[PDB]
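J.: any chance you can model this:
(2 chains)
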Protein chains: 2
Amino acid sequence: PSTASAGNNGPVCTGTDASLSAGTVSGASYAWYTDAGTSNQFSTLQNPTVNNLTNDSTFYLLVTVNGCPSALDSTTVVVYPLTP
Amino acid sequence: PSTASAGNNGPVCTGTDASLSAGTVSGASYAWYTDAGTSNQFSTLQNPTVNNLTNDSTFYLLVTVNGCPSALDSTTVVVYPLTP
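T.: Residues are numbered from 1 along each chain as shown, chains lettered A, B, ... in the order given. Now the structure:
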């Protein structure tokens, strides 16, 4: 499968929540991982919502169709600076 | 496949975001490129959203059905002038 390129909800105010978003493939199962090694799956949703982001972080994904995974697709959720 | 002619969200205030929009083909996969040579794919979405446009720019597309690409379809996102 091709990569159903992942997005997010833009800059996240430090301390609040974020959403991740996979693109839509009609036959796909989705899986999100917290690590590039694709070993710690935290979500099977197409649009998983992350929580309490205090700094920049990355999530990964691997759209699977007919049992075959896509290439790893990383996404980042830029947290905004701190208002003094 | 025929060209699923691409659009956008109209003139973009200098410094803000824009959307791109492919037309809907029931069997199509979509791919957007940043270069006429169709070598630097940046999006697999039907409605990819671009970011921080400061001047006029172009994006391309190539609706693929049954593995066969359409002709290249360019689109432009006119950024509005600067308010003095």
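J.: around chain B, pick out the residues from chain A.
T.: For chain A, the residues in contact with chain B (CB under 8 Å from any CB of the partner chain) are A:2-5, A:7, A:23. The way it works is simple: take the backbone N, C-alpha and C, and place the C-beta from them, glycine included.
J.: pull the most distant pair out of these.
T.: Of all pairs drawn from these, the widest gap by CB to CB lies between A:2 and A:7 and measures 15.6 Å.
J.: coming back round to it: who wins for neighbours among the residues of chain A next to chain B?
T.: With neighbours taken as other CB atoms under 10 Å in any protein chain shown, the top of the residues of chain A next to chain B is residue A:23, carrying 23 neighbours.
J.: which residues does that one contact?
T.: A:4-6, B:44-45 (CB atoms under 8 Å, 6 or more residues apart in numbering or on different chains).
J.: narrow those residues to those in helices?
T.: Cross-referencing the contacts of residue A:23 against helices under DSSP state H gives no overlap.
J.: can I get the residues of chain A next to chain B in TSV with distance to residue A:56?
T.: Putting the residues of chain A next to chain B into TSV (distance: CB to CB, whole Å) gives the following:
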residue	distance to residue A:56
A:2	27
A:3	22
A:4	23
A:5	19
A:7	15
A:23	22
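J.: which one among the residues you listed gets closest to residue A:66?
T.: The closest of the residues of chain A next to chain B to residue A:66 turns out to be residue A:2 (CB to CB; 13.1 Å).
J.: need phi/psi at the closest one.
T.: phi -80, psi 170 (degrees, to the nearest 10).
J.: dump the contacts of residue A:23 to JSON lines, plus distance to residue A:18.
T.: Shown next, in JSON lines, are the contacts of residue A:23 (distance: CB to CB, whole Å):
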{"residue": "A:4", "distance to residue A:18": "19"}
{"residue": "A:5", "distance to residue A:18": "17"}
{"residue": "A:6", "distance to residue A:18": "12"}
{"residue": "B:44", "distance to residue A:18": "21"}
{"residue": "B:45", "distance to residue A:18": "19"}
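J.: residue B:80: which of these is nearest?
T.: For the contacts of residue A:23, the closest approach to residue B:80 (CB to CB) belongs to residue B:45, at 24.8 Å.
J.: fine, thanks again, bye for now.
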